[PDB]
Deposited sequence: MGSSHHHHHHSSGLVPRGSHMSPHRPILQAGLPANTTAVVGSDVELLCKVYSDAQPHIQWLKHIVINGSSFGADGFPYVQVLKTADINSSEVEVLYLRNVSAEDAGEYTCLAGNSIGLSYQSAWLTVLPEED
């Protein structure tokens, strides 16, 4: 009768170089999972009314990221939810050129 319970540590803030691959982790203890990215539009991740630009990416839970680019970095979030509610932990990805 609760919101889903997630492993506290993950996802962890990851730093990667461009052209390399990235793996983000999520661990559910229990309940569907979908990852999200926070979209930055004109230097603002928030819209007109004050809602965030957030996009669903997929549906231990790993997310494969191959050949990361500059637009691939930002905030990633793991959404777990059930009949009662939701729980989410966010991490930030960093892309570095060569």
| query | finding |
| --- | --- |
| Non-modelled portions of the deposited polymer sequence, in sequence order | 1-22, 53-55, 85-91, 131-132 |
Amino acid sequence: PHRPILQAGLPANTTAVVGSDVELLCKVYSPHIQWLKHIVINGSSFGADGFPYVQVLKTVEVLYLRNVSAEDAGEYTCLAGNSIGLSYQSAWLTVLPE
From here on, numbers count along this sequence of modelled residues.
| query | finding |
| --- | --- |
| Candidate residues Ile41, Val54, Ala70, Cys26, the one whose C-alpha B factor the record puts highest | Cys26 |
| CA B-factor ranking of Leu10, expressed as a third of its chain | lowest |
| Within-chain third of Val17 by Cα B-factor, per the entry | middle |
| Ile84 - which third its CA temperature factor falls in, relative to the rest of the chain | highest |
| CA B-factor placement of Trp35, once the chain's modelled residues are sorted into thirds | lowest |
